[PDB]
Amino acid sequence: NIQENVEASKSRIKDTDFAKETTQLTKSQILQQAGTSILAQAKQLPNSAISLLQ
Amino acid sequence: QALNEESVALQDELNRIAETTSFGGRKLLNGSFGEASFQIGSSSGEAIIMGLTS
């Protein structure tokens, strides 16, 4: 019985709740994709406006 | 005498249980736990005192 309770507590402290972490992983994937999209739009147009200026 | 021997064995078992059950090093039923707090609120001033009499 004590081992059952201790295992439950250890899982609580350590084991990752797959729902929360898969949600976090999807959020991080979305954030990475958004950051890449912004960087593609930030590395080219702001630097390339000058050539139009000339 | 046989019943008394079994009873004394069970008494020593009760003593062992009282002196052994521990939540990862924290003795629970040996009377040393006393009244312990448990912060269960965002701010300061939220607690639930638990007592584990031996």
# chains A, B, ... in the order shown; residues from 1 in each chain; ligands from 1
$ residues_around --residues "residue 38 of chain B" --least-positions-apart "4" --cutoff "10 Å" --atoms "only C-alpha atoms" --output "ChimeraX atom specification"
/B:46-50
$ write_last_selection --atoms "N, CA and C atoms" --output "tab-separated table (two decimals), in the first residue's frame"
chain	number	residue	atom	x	y	z
B	46	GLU	N	-2.86	31.60	3.02
B	46	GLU	CA	-3.71	30.47	2.68
B	46	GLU	C	-2.97	29.20	3.07
B	47	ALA	N	-3.59	28.39	3.93
B	47	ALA	CA	-2.96	27.17	4.40
B	47	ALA	C	-4.02	26.24	4.95
B	48	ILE	N	-3.66	24.96	5.03
B	48	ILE	CA	-4.50	23.93	5.63
B	48	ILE	C	-3.61	23.13	6.56
B	49	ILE	N	-3.80	23.30	7.86
B	49	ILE	CA	-2.96	22.62	8.84
B	49	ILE	C	-3.44	21.18	8.98
B	50	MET	N	-2.52	20.24	8.81
B	50	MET	CA	-2.79	18.82	8.97
B	50	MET	C	-2.04	18.29	10.18
$ interface_residues --of "chain A" --to "chain B" --cutoff "10 Å" --atoms "only C-alpha atoms" --output "list in words"
residues 2, 3, 5, 6, 9 and 10 of chain A
$ write_last_selection --atoms "C-alpha atoms" --output "PDB file, in the first residue's frame"
ATOM      1  CA  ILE A   2       2.775   2.438   0.918  1.00  0.00           C
ATOM      2  CA  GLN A   3       4.539   1.669  -2.362  1.00  0.00           C
ATOM      3  CA  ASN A   5       0.936   5.753  -2.656  1.00  0.00           C
ATOM      4  CA  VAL A   6       4.635   6.568  -3.072  1.00  0.00           C
ATOM      5  CA  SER A   9       3.242  10.761  -5.597  1.00  0.00           C
ATOM      6  CA  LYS A  10       6.448  10.170  -7.563  1.00  0.00           C
TER       7      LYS A  10
END
$ select_by_dssp --residues "chain B" --states "strand (DSSP E or B)" --output "PyMOL selection string"
chain B and resi 22+27+34-36+50-52
$ residues_around --residues "residue 17 of chain B" --least-positions-apart "4" --cutoff "12 Å" --atoms "only C-alpha atoms" --output "list in words"
residues 2 of chain A; 10, 11, 12, 13, 21, 22, 27, 28, 29, 30 and 54 of chain B
$ write_last_selection --atoms "N, CA and C atoms" --output "short mmCIF file (atom, residue, chain, number, x, y, z; two decimals), in the first residue's frame"
data_model
loop_
_atom_site.label_atom_id
_atom_site.label_comp_id
_atom_site.auth_asym_id
_atom_site.auth_seq_id
_atom_site.Cartn_x
_atom_site.Cartn_y
_atom_site.Cartn_z
N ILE A 2 1.90 1.28 0.84
CA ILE A 2 2.78 2.44 0.92
C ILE A 2 3.48 2.65 -0.41
N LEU B 10 1.71 -8.87 17.21
CA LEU B 10 0.93 -7.84 16.53
C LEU B 10 1.17 -6.46 17.13
N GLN B 11 1.37 -6.38 18.45
CA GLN B 11 1.68 -5.10 19.08
C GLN B 11 3.00 -4.54 18.55
N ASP B 12 4.02 -5.40 18.47
CA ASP B 12 5.28 -4.95 17.90
C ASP B 12 5.11 -4.56 16.44
N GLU B 13 4.21 -5.24 15.72
CA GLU B 13 3.90 -4.84 14.35
C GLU B 13 3.30 -3.45 14.31
N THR B 21 6.14 3.96 8.53
CA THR B 21 5.46 4.63 7.42
C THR B 21 5.98 6.04 7.26
N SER B 22 6.58 6.31 6.11
CA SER B 22 7.23 7.59 5.85
C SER B 22 6.99 7.99 4.41
N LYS B 27 8.60 10.97 8.59
CA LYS B 27 7.78 10.09 9.41
C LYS B 27 6.40 10.69 9.61
N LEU B 28 5.37 9.87 9.43
CA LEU B 28 3.99 10.34 9.46
C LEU B 28 3.27 9.99 10.76
N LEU B 29 3.28 8.72 11.15
CA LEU B 29 2.44 8.23 12.23
C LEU B 29 3.21 8.00 13.53
N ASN B 30 4.43 8.53 13.64
CA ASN B 30 5.21 8.38 14.86
C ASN B 30 5.07 9.57 15.81
N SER B 54 0.18 10.28 16.66
CA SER B 54 0.90 9.02 16.56
C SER B 54 -0.05 7.84 16.72
#
$ atom_distance --atom1 "atom CA of residue 11 of chain A" --atom2 "atom CA of residue 44 of chain B"
27.8 Å
$ select_by_dssp --residues "segment 2-45 of chain B" --states "alpha helix (DSSP H)" --output "PyMOL selection string"
chain B and resi 2-20
$ write_last_selection --atoms "N, CA, C and O atoms" --output "compact mmCIF listing (two decimals), in the first residue's frame"
# COMPACT_ATOMS: atom_id res chain seq x y z
N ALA B 2 -0.31 -18.96 23.74
CA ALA B 2 -0.16 -18.82 22.29
C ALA B 2 -0.84 -17.55 21.79
O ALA B 2 -0.28 -16.79 20.99
N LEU B 3 -2.07 -17.30 22.26
CA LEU B 3 -2.77 -16.09 21.86
C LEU B 3 -2.02 -14.85 22.33
O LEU B 3 -1.94 -13.85 21.60
N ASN B 4 -1.45 -14.89 23.54
CA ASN B 4 -0.70 -13.75 24.03
C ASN B 4 0.56 -13.51 23.20
O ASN B 4 0.93 -12.36 22.94
N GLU B 5 1.23 -14.58 22.78
CA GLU B 5 2.40 -14.43 21.92
C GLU B 5 2.01 -13.79 20.59
O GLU B 5 2.69 -12.87 20.11
N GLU B 6 0.92 -14.26 19.98
CA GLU B 6 0.47 -13.64 18.74
C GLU B 6 0.11 -12.18 18.96
O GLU B 6 0.42 -11.32 18.12
N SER B 7 -0.54 -11.87 20.08
CA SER B 7 -0.93 -10.49 20.36
C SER B 7 0.29 -9.60 20.55
O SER B 7 0.30 -8.45 20.09
N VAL B 8 1.33 -10.09 21.23
CA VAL B 8 2.52 -9.28 21.42
C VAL B 8 3.24 -9.08 20.09
O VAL B 8 3.79 -8.00 19.82
N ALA B 9 3.24 -10.11 19.23
CA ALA B 9 3.80 -9.93 17.90
C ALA B 9 3.04 -8.85 17.14
O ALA B 9 3.65 -7.98 16.50
N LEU B 10 1.71 -8.87 17.21
CA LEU B 10 0.93 -7.84 16.53
C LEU B 10 1.17 -6.46 17.13
O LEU B 10 1.15 -5.46 16.42
N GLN B 11 1.37 -6.38 18.45
CA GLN B 11 1.68 -5.10 19.08
C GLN B 11 3.00 -4.54 18.55
O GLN B 11 3.11 -3.35 18.23
N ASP B 12 4.02 -5.40 18.47
CA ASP B 12 5.28 -4.95 17.90
C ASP B 12 5.11 -4.56 16.44
O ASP B 12 5.78 -3.65 15.95
N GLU B 13 4.21 -5.24 15.72
CA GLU B 13 3.90 -4.84 14.35
C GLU B 13 3.30 -3.45 14.31
O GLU B 13 3.62 -2.65 13.42
N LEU B 14 2.39 -3.15 15.23
CA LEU B 14 1.81 -1.81 15.30
C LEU B 14 2.88 -0.77 15.56
O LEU B 14 2.89 0.31 14.96
N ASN B 15 3.80 -1.07 16.48
CA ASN B 15 4.90 -0.15 16.74
C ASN B 15 5.75 0.05 15.50
O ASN B 15 6.15 1.18 15.18
N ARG B 16 6.05 -1.03 14.78
CA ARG B 16 6.83 -0.91 13.55
C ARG B 16 6.12 -0.05 12.53
O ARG B 16 6.74 0.79 11.87
N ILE B 17 4.81 -0.24 12.37
CA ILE B 17 4.05 0.57 11.41
C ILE B 17 4.09 2.03 11.82
O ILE B 17 4.30 2.92 10.99
N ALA B 18 3.90 2.31 13.11
CA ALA B 18 3.92 3.69 13.57
C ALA B 18 5.29 4.33 13.35
O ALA B 18 5.37 5.53 13.08
N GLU B 19 6.36 3.55 13.47
CA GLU B 19 7.71 4.07 13.36
C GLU B 19 8.31 3.96 11.97
O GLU B 19 9.44 4.40 11.76
N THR B 20 7.58 3.41 11.00
CA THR B 20 8.14 3.14 9.69
C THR B 20 7.47 3.93 8.58
O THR B 20 8.17 4.52 7.74
$ atom_distance --atom1 "atom CA of residue 28 of chain A" --atom2 "atom CA of residue 42 of chain B"
26.9 Å
$ atom_distance --atom1 "atom CA of residue 33 of chain B" --atom2 "atom CA of residue 53 of chain B"
7.7 Å
